[PDB]
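S.K.: sequence unavailable; structure follows:
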Ligand SMILES: [Mg+2]
């Protein structure tokens, strides 16, 4: 029963993200928190590189836009300095 | 709860006699009701090896 | 013969020890026993896929048994325990059917009350206040 | 395969975690050849780590026998009488400190297949299911087609 | 069926259930959403000309410098004298 | 007055949420069977196998013996649980 | 819109009407005050809890063994709070989470008794007429968790 | 003969009925897709197998952000029957490096940049 989960914006697998599999499984009875899971460290690694790659692509979209509007404004002035003499 | 270990086991795996009057009923709607009970598929303690079928009486 | 094989009794006995409980000549004669030990070892690893499958249909059959004592069906129970955000799996739900049946009467009641709250919500489609057991606990 | 091998259920020895935890390892018995190439890693365990191991577990008494052996052994004995003799022949120092800490972690029960992964001795609280749960009672207990 | 049911001239007839239709109508709706999300490009071809050429060149120059840097590994006196240890004993 | 289940056989299920909405609470007290719903206490190989199928409603085939190979395969010290 | 009473004019199910939601949130808090006061006085017997440990849900009571199929990186005898408990039942009541319960409501404890390895599990591949046969003996590391105490607190 | 397929240009022009049915806007479109493989490249031609490795789509149901530039789109049209495209929305801003680790791509298409695991 998992397409109702997608309508609420939860993951369609309840072992996706969310408090069931991203909360730490255990804590010490001294109260001190556990060292992290090997699956949560790997999930945080694939999520940093996805957020690393969002920024890299979202910067290169707005670095090629601002390079293009310079080239049209370079090429207007290359005409505006060539309707002269 | 709180039975001894032998009479509680006799409670769970006892077999039940069901009456199922089949007048003006279709013989496969009668069959699909008795065949669930004869297998014991209506018990949550079901298992094929456990021999958990019940008695069905269709008049 | 310069060097011949002396360890051959111990190579026979690695395959014959796995065949000791077989029938006929496949426990004694190595040439028949090696084809059955291989076939027994192939079946043992391919049954790690069918132990997991056959447990789940046994759990589903035991849940279908107990949710029919309370009037529901299996899909009306299991799909509606999801809409109550109750993420109990099939192994635990079959354990509550047998070993704690007052709680299975509570989960069949929660699943049915959410089931009635879905009929009574989707009749007046549009803006209508949700049922008590229909609110999602959103996490952020 | 599991039909060819025995089985057992999940068990501790004397309810090992209820009151207190009792370390189930009783003895360890190393036999290391002094002039012998197979015990060259196990000679460094007796050199380096057998003092350090013998202070993390004081309830285990350790013997280092040091005789002419060809295959060095560790004989791990447990409180319930089970004897695990594993061979540390031509292992490094690293493969023995994992070998010996694994024998100090486990209980002395068989390493045959465990049947279930759980063992409750009081598995039901609301009463086990019998066929008369979820059935209704009738007036004076009359069975079907009972006239009086 | 005269020979090999699912090949040949006289085949075994296969019919479509609603199940196999609703598997197919629901694939079509996923597909047609991709026709809408591929309908509105952020730049045009003239705007993305050379827009990743500094990183694309740099990525290959790391693939090229990976490939032109093959050599046998350094060989030490450490791994050679360490085989004398196989006759280490006690006194 | 609405009952999610007919609370007549097993227990009287009372469902509730907390004021958070973050735990669902059930109170299910056990149902006593009433006194009026109870009755008081009332106070050869061949023909043998046919008389044992009639007693226990089995077929004949579980009453014939088994040979030696199946008798001494059976575990006599089986793993007791619980 | 009136339809005369025929077989198909009506639905086969009874027209179950849900109660008034201001009668019902008042009746809800009337319930939770009872189940809180069954906890304040200690009217419960022993408790079972359903815990999402390693990857799956165990149904767990006090004094019972739980076999994990992966190494937990703990000294034997070390005590563990099992977080993520999603059902806490007693004889007379249950508290189920959405999905998990509050951390300040139920505290499940567990002790590492032993850290074994599994029995040797054969992995053998074969394809007929192809000279394809590979065999591999794997063991998995396993720990055994003894659950000590399931406690509860009146926070409802 | 079975060849490559040219999809004509009356297919990828979106009628004004479509901007109601899906949540898109023609003026100010999105910057990034999230492409997700949903259908195997087996029993598909080799040119569709090549594009799937080129886009970074070897595992099914593994999401992958890509640019909404018209050249990446041309690779997306050849394998649009194997993928599900949905725009990367960002409710907050794009994650600067102080929030670079506690991000989470929700299933709705959006990338929340503070992801605690506490309720609301
Ligand atoms: Mg034929």
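M.R.: Arrived safely. Residues are numbered from 1 along each chain as shown, chains lettered A, B, ... in the order given.
S.K.: C-alpha from now on. contacts and neighbour counts both.
M.R.: Will do.
S.K.: who are the contact partners of residue 1?
M.R.: Here I'm looking at chain A. The contact partners of residue A:1, by C-alpha atoms under 8 Å, 6 or more residues apart in numbering or on different chains, come to C:78-79, C:82.
S.K.: oops, wrong one, chain D.
M.R.: By C-alpha under 8 Å, 6+ apart, residue D:1 lies in contact with C:18, C:40-41, C:44, G:121-122.
S.K.: what about 10 Å?
M.R.: Going by C-alpha atoms under 10 Å, 6 or more residues apart in numbering or on different chains, residue D:1 touches C:18, C:37, C:40-41, C:43-45, D:113, G:119-122.
S.K.: narrow those residues to just the buried residues.
M.R.: Buried subset of the contacts of residue D:1 (neighbour count, 16 or more other C-alpha atoms under 10 Å in any protein chain shown): C:18, C:37, C:40-41, C:44-45, D:113, G:119, G:121-122.
S.K.: rewinding a little: so can I have a markdown table of the contacts of residue D:1 showing distance to chain F and secondary structure?
M.R.: A markdown table is the format used below for those (distance: C-alpha to the nearest C-alpha, whole Å; DSSP: H, G, I helix; E, B strand; the rest coil):
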| residue | distance to chain F | secondary structure |
| --- | --- | --- |
| C:18 | 16 | coil |
| C:37 | 19 | helix |
| C:40 | 18 | helix |
| C:41 | 21 | helix |
| C:43 | 21 | helix |
| C:44 | 21 | helix |
| C:45 | 24 | helix |
| D:113 | 12 | strand |
| G:119 | 17 | coil |
| G:120 | 20 | coil |
| G:121 | 21 | strand |
| G:122 | 23 | strand |
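S.K.: what are the ranges of the helices in the chain?
M.R.: You didn't say which chain, so I picked chain A. When assigned using DSSP state H, the helices of chain A occupy the ranges A:3-7, A:19-22, A:38-80.
S.K.: chain G is the one I meant
M.R.: For chain G, the helices defined by DSSP H occupy G:21-40.
S.K.: how near is residue C:74 to chain A?
M.R.: From residue C:74 across to chain A, the span is 12 Å (C-alpha to the nearest C-alpha, to the nearest Å).
S.K.: hang on, that residue packs against residue C:67?
M.R.: Yes: in this structure residue C:74 lies within contact range of residue C:67 using C-alpha atoms under 10 Å: 6.4 Å.
S.K.: please see if stretch H:18-27 touches chain E.
M.R.: Yes: using C-alpha under 10 Å from any C-alpha of the partner chain, we find that stretch H:18-27 touches chain E at H:18-19, H:21-27.
S.K.: now the buried members of the residues you listed.
M.R.: residue H:24.
S.K.: what sits against residue C:84?
M.R.: C:110-111, C:113-115, C:132-137, F:24, G:97-99.
S.K.: ChimeraX command for the buried members of those?
M.R.: To isolate the buried ones among the contacts of residue C:84 in ChimeraX, judged by 16+ other C-alpha under 10 Å, type:
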select /C:110,111,113,114,115,132,133,134,137 /F:24 /G:97,98,99
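S.K.: could you single out the nearest of the contacts of residue C:84 to chain H?
M.R.: Checking the contacts of residue C:84 against chain H by C-alpha to the nearest C-alpha gives residue C:137 as the nearest, at 6.9 Å.
S.K.: over to the closest one. Which of the three states is it?
M.R.: With DSSP: H, G, I helix; E, B strand; the rest coil as the basis, residue C:137 sits in coil.
S.K.: now residue H:48
M.R.: Relying on three-state DSSP, one would call residue H:48 helix.
S.K.: count the neighbours of it for me.
M.R.: By the criterion of other C-alpha atoms under 10 Å in any protein chain shown, residue H:48 has 19 neighbours.
S.K.: for it, give its distance to chain B.
M.R.: According to C-alpha to the nearest C-alpha, residue H:48 stands 48 Å off from chain B.
S.K.: could I get the contacting residues of that residue?
M.R.: Counted by C-alpha under 10 Å, 6+ apart, residue H:48 has contacts H:4, H:41-42, H:54, H:75, H:78-82.
S.K.: try it again with 7 Å
M.R.: Contacts for residue H:48 (C-alpha atoms under 7 Å, 6 or more residues apart in numbering or on different chains) come out as H:41, H:78-79.
S.K.: got it, and residue F:49?
M.R.: Contacts of residue F:49 by C-alpha under 7 Å, 6+ apart are F:60, F:63.
S.K.: I'd like the contacts of residue D:1 as TSV, with distance to residue B:44 appended.
M.R.: As requested, the contacts of residue D:1 are exported to TSV (distance: C-alpha to C-alpha, whole Å):
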residue	distance to residue B:44
C:18	37
C:37	37
C:40	33
C:41	33
C:43	30
C:44	29
C:45	29
D:113	27
G:119	31
G:120	34
G:121	32
G:122	33
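S.K.: from those, pick the one nearest residue E:36.
M.R.: The closest of the contacts of residue D:1 to residue E:36 turns out to be residue C:45 (C-alpha to C-alpha; 46.9 Å).
S.K.: my guess is that closest one meets residue G:121, correct?
M.R.: No: assessed by C-alpha atoms under 7 Å, residue C:45 is found out of contact with residue G:121, at 8.4 Å.
S.K.: so how far is stretch D:83-101 from its chain's centroid?
M.R.: The chain centre lies 17 Å from the centre of stretch D:83-101; the measure is C-alpha atoms, centre = their mean, to the nearest Å.
S.K.: how about the contacts made by the residue most central in space within chain G?
M.R.: Nearest to the mean C-alpha position of chain G, by C-alpha atoms, centre = their mean, lies residue G:50 at 2.1 Å. Going by C-alpha under 7 Å, 6+ apart, residue G:50 touches G:57-60, G:85-88.
S.K.: same deal with residue D:113?
M.R.: Taking C-alpha under 7 Å, 6+ apart, we find residue D:113 in contact with D:6-8, G:119.
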